[PDB]
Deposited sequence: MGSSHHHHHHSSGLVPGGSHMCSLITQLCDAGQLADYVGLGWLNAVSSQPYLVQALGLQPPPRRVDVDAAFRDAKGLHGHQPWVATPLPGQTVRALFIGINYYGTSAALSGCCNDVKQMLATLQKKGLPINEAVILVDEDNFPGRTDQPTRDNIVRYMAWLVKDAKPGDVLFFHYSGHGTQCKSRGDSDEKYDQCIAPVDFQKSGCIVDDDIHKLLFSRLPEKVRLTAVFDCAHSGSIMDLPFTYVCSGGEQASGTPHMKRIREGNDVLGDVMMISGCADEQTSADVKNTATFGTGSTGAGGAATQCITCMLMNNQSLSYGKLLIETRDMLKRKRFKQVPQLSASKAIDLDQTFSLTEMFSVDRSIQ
């Protein structure tokens, strides 16, 4: 229960790891959200550490890390990403009331269960089911992203995807984002080397190579219409959108982005902080740059946090 003390902040690798593309999958079993929320009743997490509670706010968190041990899909770094995520939240004192940890690593302290399709679906429902105004939700996934046939969709691969199929981004959006009420904040981190999904969110900002701290970044609308009431922030990695003057991938970029953002001790804005994070990723030889997506156009002059509602950038329709 002292994840920092186990070396999970400072004594594990924070370097890129290899992620070879999973390859096209057969059609998945689409989510019945009713069943998911039914099967979530009676599910519970545990308090992973003690920290100073935030008055008027409760914090819930779901962490998923999948290494696919023993298979041709095996990855070396995804459970290690969850280690770093947990230790960073502990170091920064996020007062998590209930956490669920779905990892396939044995002897992982605090592990709740295996990251199978059915567990991922029902625990995604668990994360959002009790959400009241002021609540703070946190979600982290590190594992394969790929594509699956319809009846292509972007999807994530549970540890038992070979038997149970994948989970479509469209269904993740419905489980995690669509059922939040107003005045609830969620942060979702998706560390997928080979899916460019932003989980169908309407606004995004990519911190590409030409951005400068002395610039004035804004999010942009990329989808018409919106079904998310809550304040959802997503961090992922993507290809640099700056044109260069000059499948296998690097895993771990999104996790390094969020942990770096949190480890910065200076209360920087979203905008300034993403520049620092972009520079870190390049330094450490990651392929990706930071991508911040959201359910509202966030004013990037707002201070980064996990806990606060967004200040809306009224310049973005």
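Where does the model skip over parts of the deposited sequence?
Unmodelled stretches, in sequence order: 1 to 34, 186 to 191, 287 to 296.
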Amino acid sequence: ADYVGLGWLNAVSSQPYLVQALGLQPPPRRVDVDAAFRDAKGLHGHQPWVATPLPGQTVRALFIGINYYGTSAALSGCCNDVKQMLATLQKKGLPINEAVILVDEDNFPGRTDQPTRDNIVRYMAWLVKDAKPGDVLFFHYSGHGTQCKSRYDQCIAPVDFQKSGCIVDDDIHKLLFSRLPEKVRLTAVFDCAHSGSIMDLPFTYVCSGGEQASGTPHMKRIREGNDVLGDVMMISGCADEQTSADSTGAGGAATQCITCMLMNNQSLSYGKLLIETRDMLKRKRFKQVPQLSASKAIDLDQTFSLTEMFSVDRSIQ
From here on, numbers count along this sequence of modelled residues.
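Please compare 256 to 264 with 283 to 291 and name the stretch with the higher mean C-alpha B-factor in the deposited structure.
Averaging CA B-factors over each stretch, the winner is 283 to 291.
With respect to the recorded C-alpha B factors, which stretch has the higher mean value, 300 to 308 or 15 to 23?
Comparing 300 to 308 with 15 to 23, the higher mean C-alpha B-factor belongs to 15 to 23.
When you compare the CA B-factors of 88, 150, 112, 76 as listed in the entry, which one comes out on top?
When the deposited C-alpha B-factors of 88, 150, 112, 76 are compared, 150 is largest.
Between 168, 99, 131, 234, which carries the biggest CA temperature factor in the record?
Highest CA B-factor of the listed options: 131.
Among the modelled residues of this chain, does the Cα B factor of residue 215 put it in the lowest, middle or highest third?
Highest third of the chain for residue 215's C-alpha B-factor.
When the modelled residues of the chain are sorted by Cα temperature factor, does residue 223 land in the lowest, middle or highest third?
According to the entry, residue 223 has a C-alpha B-factor in the chain's highest third.
Against its chain's modelled residues, does residue 60's Cα B factor rank lowest, middle or highest third?
It falls in the bottom third of the chain.
Sorting the chain's CA B-factors, does residue 47 end up in the lowest, middle or highest third?
It falls in the middle third of the chain.
Ranking every modelled residue in this chain by its Cα temperature factor as given in the entry, which third contains residue 119?
Lowest third.
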